[PDB]
Amino acid sequence: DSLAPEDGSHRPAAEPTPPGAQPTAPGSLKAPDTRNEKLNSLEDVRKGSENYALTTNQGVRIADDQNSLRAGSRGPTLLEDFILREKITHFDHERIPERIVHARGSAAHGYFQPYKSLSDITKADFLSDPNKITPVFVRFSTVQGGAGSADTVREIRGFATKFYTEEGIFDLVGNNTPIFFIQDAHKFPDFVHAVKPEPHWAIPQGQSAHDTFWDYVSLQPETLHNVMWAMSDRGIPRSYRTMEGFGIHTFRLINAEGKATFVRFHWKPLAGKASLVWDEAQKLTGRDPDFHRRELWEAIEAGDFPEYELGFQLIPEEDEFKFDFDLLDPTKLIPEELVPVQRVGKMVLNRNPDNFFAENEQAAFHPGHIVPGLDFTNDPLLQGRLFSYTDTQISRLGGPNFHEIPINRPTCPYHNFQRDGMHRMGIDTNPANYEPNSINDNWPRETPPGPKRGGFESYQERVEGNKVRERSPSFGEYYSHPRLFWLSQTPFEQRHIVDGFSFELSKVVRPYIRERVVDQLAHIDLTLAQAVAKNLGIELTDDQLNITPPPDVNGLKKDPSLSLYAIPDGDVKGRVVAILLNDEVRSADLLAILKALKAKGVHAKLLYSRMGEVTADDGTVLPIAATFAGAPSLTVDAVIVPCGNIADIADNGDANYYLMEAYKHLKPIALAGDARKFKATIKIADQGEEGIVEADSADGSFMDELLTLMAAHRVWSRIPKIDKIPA
Amino acid sequence: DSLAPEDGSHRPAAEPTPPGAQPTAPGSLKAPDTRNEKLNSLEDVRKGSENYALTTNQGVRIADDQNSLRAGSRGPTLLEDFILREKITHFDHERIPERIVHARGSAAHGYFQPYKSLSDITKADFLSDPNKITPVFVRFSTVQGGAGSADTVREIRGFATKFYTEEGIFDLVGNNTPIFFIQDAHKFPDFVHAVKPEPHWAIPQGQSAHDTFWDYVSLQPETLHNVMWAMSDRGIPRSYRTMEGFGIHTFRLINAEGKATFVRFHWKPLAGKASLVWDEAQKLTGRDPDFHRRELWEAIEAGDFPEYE
Amino acid sequence: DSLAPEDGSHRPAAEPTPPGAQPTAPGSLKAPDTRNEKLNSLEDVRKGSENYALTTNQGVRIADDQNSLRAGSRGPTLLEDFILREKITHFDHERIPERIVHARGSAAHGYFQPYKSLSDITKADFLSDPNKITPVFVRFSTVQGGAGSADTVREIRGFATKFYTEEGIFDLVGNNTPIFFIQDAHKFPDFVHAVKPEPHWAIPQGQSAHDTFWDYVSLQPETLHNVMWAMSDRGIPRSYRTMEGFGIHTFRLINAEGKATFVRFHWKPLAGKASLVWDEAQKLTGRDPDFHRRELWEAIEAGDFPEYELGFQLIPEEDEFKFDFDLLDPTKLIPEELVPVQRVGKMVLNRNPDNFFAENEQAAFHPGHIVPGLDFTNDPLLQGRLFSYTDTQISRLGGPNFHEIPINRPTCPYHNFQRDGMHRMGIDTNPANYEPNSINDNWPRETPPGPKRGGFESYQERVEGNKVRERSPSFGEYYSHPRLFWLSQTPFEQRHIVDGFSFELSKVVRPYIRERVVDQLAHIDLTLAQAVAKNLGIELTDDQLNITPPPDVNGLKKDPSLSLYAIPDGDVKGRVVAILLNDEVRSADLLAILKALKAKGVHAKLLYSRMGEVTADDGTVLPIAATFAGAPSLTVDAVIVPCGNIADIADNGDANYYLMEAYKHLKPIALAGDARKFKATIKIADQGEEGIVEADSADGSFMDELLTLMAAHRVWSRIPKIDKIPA
Amino acid sequence: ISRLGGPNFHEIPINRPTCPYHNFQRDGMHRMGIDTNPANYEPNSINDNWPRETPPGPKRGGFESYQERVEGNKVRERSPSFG
Amino acid sequence: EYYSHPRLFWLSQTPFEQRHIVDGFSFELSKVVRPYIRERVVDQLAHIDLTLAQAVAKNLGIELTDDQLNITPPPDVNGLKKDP
Ligand code: HDD
Ligand code: HDD
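Protein chains in written order, with the deposited numbering: chain A, 27 to 753; chain B, 27 to 335; chain C, 27 to 753; chain D, 420 to 502; chain E, 503 to 586.
1. Go through its chain and collect everything with a Cβ distance to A79 of chain B's Cβ below 7 Å, but skip five positions before and after it.
2. Starting from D197 of chain B, trace the beta strand (DSSP E) in both directions and tell me its first and last residue.
3. Can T418 of chain C be considered in contact with ligand 2, in the sense that its beta carbon sits closer than 7 Å to one or more heavy atoms?
4. Using a Cβ cut-off of 8 Å, pull out every chain A residue sitting near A753 of chain C, in sequence order please.
5. For a cutoff of 8 Å on Cβ pairs, would you count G502 of chain D as touching chain C?
6. Are there any heavy atoms of ligand 2 lying less than 7 Å away from the beta-carbon of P123 of chain C, as far as the coordinates show?
7. Taking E487 of chain A and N434 of chain D to be in contact with their CB atoms under 8 Å, please state how far apart those CB atoms are, rounded to whole angstroms.
8. Confirm the yes/no value for this check: CB of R479 of chain A, any heavy atom of ligand 1, distance under 7 Å.
9. Identify the continuous alpha helix (DSSP H) that holds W512 of chain E and give its terminal residues.
10. Going along the stretch 250-277 of chain B in order, which residues come within less than 7 Å of chain C, judged by CB to CB distance?
11. Provide the residue(s) that pair with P436 of chain A in DSSP beta bridges, ordered along the chain.
12. Can you say whether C438 of chain A is buried or exposed, counting buried as having 16 or more other CB atoms within 10 angstroms of its CB?
13. Select from the stretch 45-70 of chain C all residues with a C-beta closer than 7 Å to any C-beta belonging to chain A, and list them in chain order.
14. Would you check if the distance between the CB atom of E181 of chain B and the CB atom of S234 of chain B is smaller than 8 Å?
15. So which of C:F351, C:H429, C:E363, C:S99 has the shortest CA-CA distance to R497 of chain D?
16. Indicate whether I326 of chain A and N378 of chain A have their beta-carbon atoms separated by less than 8 Å.
17. Which two residues bound the contiguous alpha helix (DSSP H) that contains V365 of chain C?
18. Just to confirm before moving on: does the CB-CB distance between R121 of chain C and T416 of chain A stay below 8 Å?
19. Mapping the DSSP letters down to three states, classify residue 754 of chain C as helix, strand or coil.
20. Tell me whether the beta-carbon of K631 of chain A lies closer than 8 Å to the beta-carbon of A604 of chain A.
21. Along the stretch 84-97 of chain C, where does the CB come closer than 8 Å to a CB of chain D? Name the residues.
22. Candidates C:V611, C:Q546, C:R130, C:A176: which alpha carbon is nearest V253 of chain C's?
23. Could you tell me the boundaries of the beta strand (DSSP E) in which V162 of chain C lies?
24. Check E333 of chain A in the structure and name its three-state DSSP category.
25. Check the Cβ of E461 of chain C against every Cβ in chain B and list those closer than 8 Å, keeping chain order.
26. Would a check of beta-carbon distances place residue 348 of chain B closer than 8 Å to chain E?
27. Is the distance from the Cβ of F511 of chain A to the Cβ of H251 of chain A below 8 Å?
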């Protein structure tokens, strides 16, 4: 019609902008100059809109898209209205089956590059030269919940990376913890059914806090290691940018000489490790169920590209049996104190998709998609995964041509004798559709294995044994890994683990299941078992009190790489601060605050009791981003209150509760000038307390002290003080 | 191995119990004596479990459901393991496309009966006799969110009833407000796309609080009436038991003489009308996203059967 | 490798060659410089093969495409063999549901061009200028059989044309007869189920000759007009190039002033009308079930492009009720004597597809696909069709994005707010997916109807009446059109119709059905009724002999344009002759023979009792195309036997049968020199017979005679004589 | 999965076993059977682990594969004995 | 006609239900990033009821224009000023 506003404010600038500054938009319109080989190859299917006539799918221009064709303007709709029927038919069949697991996920485009050639240990082309750039598409996810469930639940997270290499797609399909819950893929449907919503009523969504999960866990002790990780703060990451990624399974690297090296894949977050606290995560599932999806997308639009370092744990073939645990058991981690992670390369996620459905929802990742230079192992969970991810896309993506959906297509050549199938896009001109043929001189042809550009050949591992449905005896140990994890955590991390188990078991209706899990915990660590038992009103028996603790893992009594926080790895860039405004802010405080945050890449959101604008003491007009209730403290990392007319918000329930909530959740709070009158809201001593920044003005060291607190993420020393507090 | 506790406390007593007194269970096990013609007719496909062997779908008993078939106990999985492949194949194809709209919903079985014969205004068989009962199956829902989204969002709610009558199925597919947002069905995809999560990033879930919805409303003043109802406390009902239901459209009733009467359908909640307050409703989407689903299920297990006039 | 023969004889020349001179090939390899806008736009999805490596669909090169991965070379296949699983998975899902009706069909690409601008009667862009070339894709088909059924069955044929216009796809979905069997689309499932294989045992394939079909016809007299056409030789076309096409329904042309003109669409074969005879057609279903598909493909490879003239019957809106039939009744034809066909343009089919499945099997045509300048009418059969052809593709082609399958894509712009759906190819960048919107300034936008490039607006026909499920009383006449058709046929065409009814009804097991059908024939024409009755051993009653014949159609007692052969229109270019060789052929006969055929564009196939070659009297080495049994007379239009050593084949039973079969099927036979010894096997008098060319040698007079016979297609005067030929 | 529309093709009448079939598989397109088991996983205590595994035996026993000896490298190779 | 039914609904609500309607609109429009959309919706509320339009505008920091303050309320629905 010409409905947009004449000032052109309906459209976001095509330049990096902080979260909340402009309306978000499709990647290619937001960052048109951000390109890569894969992004460029999708140009054949990108569709624009501006200046085009509205049509049917058959290209017929529509004159009136506001009405159905009827006999009389109040008459019946006619069957001949093909414009209406096409438009409703397409709407009526928009949905496709969601992923069986990991249905909730958020994705982005980026690129990877190795630091140096790894040709001595692998012939994989994407790892052969530091100047070879490989486009990637990454999808992060939860596990149990549907595609419409919430982001900040307590659960493992998926981390899947599609590498578009010159010798084929390589999908590295991992999670955010270094082990899985079960050992053999045959039990995957039992474990998943137990964690998913129960079958009679389909409750609960996005939560393992229910009877069937804890029933299965209590009967299958192999699950305890990953359950410990889920009950820790690892289960509630602050962002997909601040969590680790792992392939879990031991795979193989194969070099040109045919030597095999065992390898476990790692991703290290260059923004550091950081998690929420349970009350915050749970409440944030209501206040903003799309918090992680939102934070990922906004980070990329702001230029805070998610960056990860790919690393390898490498173990020589001859050391297969040198550890206390089996290398092929996916419920066991390889302690970094035993086998260090070797830095391999960096991945940078720097562009959002254009259309979520087309690129995110239809993407298909599968761990069987490997390339020459990589190979599998006999890990029994990985072995069964190889069957499932090709199988499942026959219903999810409608057929066997899912590699032809734009986001999934290889950027390297693909040619073979496969034909037809639903939705076939490629029109083959080969005279032959079989080999061997003479009618096309046998093309396309097989290629012998070789150092570069050769055909895939499996490593000739020796296989010896009878055909058995049997778990290796070497996998029958379930408590030392859980115990190593427990002992590696800080005291506040241990408390959060105890609280996670306590909260989840309190939602288990059948008391005997609680009792049975507590008995399993007594096989891991007595302190942990006693603390959870106490919270459940359960007393350990004398037998439980004397269960001997599992042995150390290869002599280790702890490994600090297992803790999120034991070793500081703080990074403030991309964090966000709530600034609580008043109707006459001291502009000098705000100038100091905003400029210090901007110099460190820390975002801010100006909050007030209404929307619109407020005018500072010097006449500066301040645009309000959101109200106190509209953008709760759950969404920020720290809270700053500048001086001015504090009487304006001193008695505002929301403004006070904002600080109580952030204080409860261990976030740094800074109060300037008269804003120190809020100290009584959070009961802060006159002398002050570690974790609260306070001064006569926001000058001098006020912002540096606040930023130091943000670098340590949360104020763990405040835990004992929050215990009480009615918030 | 892994067996029921000695005391029998793993299984819910089959009698009406208050919320939280017993673990919830499938209806036919919770209330085996509760019947109606539709519930009885579903007996051909109900499948039990106690005392039966674990099998493949082809009926072959399974000896070891804990392991894949491999060459050696630390060896590769064999392709001949058909037990594993059937089991994982069925898991791999569990999901079906969710509803385009109203994908999140909660349902129950029940029955309907007219107060008196309505034969003077309609020849419909299910409304012809006060002592002639008609089985029903009712689904309550939200509109925008996926099947895994939260219950206590701010939104219109669906209220659909399937009447299994002697002369055919009658579905009364209504909502909890007496009007809809738009006038012509040709605009349905435009309105639904405007309220659904935005196409670039698929945010936000279960919320009309976002630019495209208010853009559409601002350009299409026909939407204001139902938007008023959604912004009121009608948009955040306390329970599915405590909201009204309406067919919205004028339909016709046709009697045996051929006379047509225009009719609009209503459901009155005999538990009364009651809604949450916003702060409560929004926080409850995070503390218990399945609150309405749970509340309906438990009211029926407790004997507080949802009743509507 | 190198399996191709060193001489390069595995690959067909990329130049026009006669049927059987080279192996057939994908269209783009056979005729790479035959281009059109649609063919060029498919280049993005065409995939080659030569010189490429064999890969998985994920782009991974394969080393050994001959073996599965196993533990030991006689061991069990491993689940980790992803190369095997991908290849078998694709194979396992190659098939898609066939079309409900018209599953058997053969297709080609071409182009259309108008003879003059039709802007005075229609604003349809493709008809606006003689220099506007519109790419087309045409699929010809039978109706009842599966996709694997035979071509030369007795049945109506489908003739579907997809026009890729600059203002949208226009599909003209018609048949080879001018009416349909039923009046309202609500009965289509009943008619179709009655003609299809019966439900208990799924017999018979590709045949109406069974009880349920004749049961339905006997109880629904509206079907009799199309049944008459099916029982005539119209039901057994010689080739898709030699049949007419009709849209059947009255549609509307709309001009720039908004005036509506009723129109019926026609396709006139520029190669002339020609049909087989029943025994030849039925036997040809067994000797070559692919005969019509082959004939179409090979005509195009030879440069005998199928050409049709588009024709319109135009009736002013004010003449709606001036006929004695209803213009909206699809069981009624508009006699060309009353309303002439205006010649409007030409369509030429000049290129075969590259991949049958991708382009033919997946093509989707629908009569509802119209463009501005065209509109529907209330014909109750066309009205219901409008719902079906969009609905059926949701299962057949897997979803609502079937317009994105390459062959179905418009070549003109298409932009709208529809999104998602299974296998979504297009990646939309529009910030908005709804209208009205302000965030993209309401694009893509609606367009007002107009003279050119305007949006679609339906013609504002007045609708008055009650909502009823009622047949118009004006459609209640069922015998006058059938009679008009009958009286328009030649005496031998009449005899063939009698023979068609008689043969089909003999296969009806319930005698009462045969009698009820004969009763219907008595309401059409007594002579027809009596002759069919006599072949069934049925006696017309007193009452049936006195049924008054239906009235003439608007004064007509016949219309020669309804006959296949009444008005000469034959064309020999593209026809084929079988030449029966001996071991010492009179080379002078062959030269005269082949020089004369080549001047008329008539092909030849050289046959012998074995493959390889024979050597003529002068030493010319003649290559053999097929044996006498290998390429039966059914597959050729005429038979020529040159002199030489007749003794060699004079006692060859296959050689004698070849002539007896061709004789019986009314084909021209030419005998030179001692080839005249074969007159005894087909019992031809010493003085000769019209239809048999004989002479001392094969000079130019002999060939002109033979080519004259071939232009008249068949020797109809020989019918009375074939009775006594045991063949 | 494509020919018969999904993983519940054993529920199409002609394919149905005449002997008992019980397991923990659920859902899928056109699911006919309505499972009443409180549990859809094993091991479970909430339904006392039913339906239960059965050891192999002379009659009515669970399926156990014959324990054939496997020995060799992981190869894509045709046995020479087949040539 | 788009405003009389909205108005009938508004006037039939109790004072605390009216406040909750105001709060619902205020909360939802505060999450609309583009300010002109908020303004356009406030303009539509001014065609329904000025008390409602002003209470929402106040929470959005918007000031109604003089023209908006003079929009005539829609007619009653068949004489009804409210329906409990
Ligand atoms: C045998 C079945 C099986 C097993 C044992 C696993 N999963 Fe899996 N997973 C699948 C069956 C599967 C799946 C049904 O095939 C899925 C869902 C839909 C899809 O495309 O893949 C899937 C999705 C899937 C995703 C989502 C990819 C995306 O974003 O689309 C990730 C991140 C994981 N899984 C990761 C893992 C890890 C790290 C595993 C253990 C080490 C694990 N899975 C075990
Ligand atoms: C109400 C349904 C109905 C009606 C009354 C008819 N058809 Fe039809 N026909 C269809 C329902 C259909 C179909 C179910 O929708 C099909 C099969 C699959 C599809 O794509 O289209 C089809 C295909 C189809 C084809 C094959 C298109 C191709 O090559 O793919 C042609 C030539 C015809 N039809 C022509 C006719 C004619 C000239 C009709 C009467 C005048 C007739 N149809 C009436």
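Using N, Cα and C, we set each Cβ at its ideal position, and we do this for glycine too.
Let me spell this out:
1. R87
2. 194-201
3. yes
4. Ordered by position in chain A, no residue passes the 8 Å Cβ test against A753 of chain C, which lies about 39 Å from the chain.
5. no
6. no
7. Going by Cβ atoms, the distance from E487 of chain A to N434 of chain D rounds to 39 Å, so no, they are not a contact pair.
8. no
9. 506-513
10. none
11. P436 of chain A is not bridged by DSSP to any residue.
12. buried
13. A51, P52, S54, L55, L68, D70
14. Yes, these two residues count as a Cβ contact at 8 Å.
15. For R497 of chain D, the nearest C-alpha among the options comes from C:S99.
16. yes
17. Looking at the DSSP string, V365 of chain C is not in any alpha helix (DSSP H), and its letter there is neither H nor E.
18. no
19. No statement about residue 754 of chain C is possible, as the shown extent of chain C runs from 27 to 753 and does not include it.
20. yes
21. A89, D90, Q92, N93, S94, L95, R96, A97
22. C:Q546
23. 160-167
24. strand
25. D216
26. Because chain B here runs from 27 to 335, residue 348 of chain B falls outside it and cannot be looked at.
27. yes
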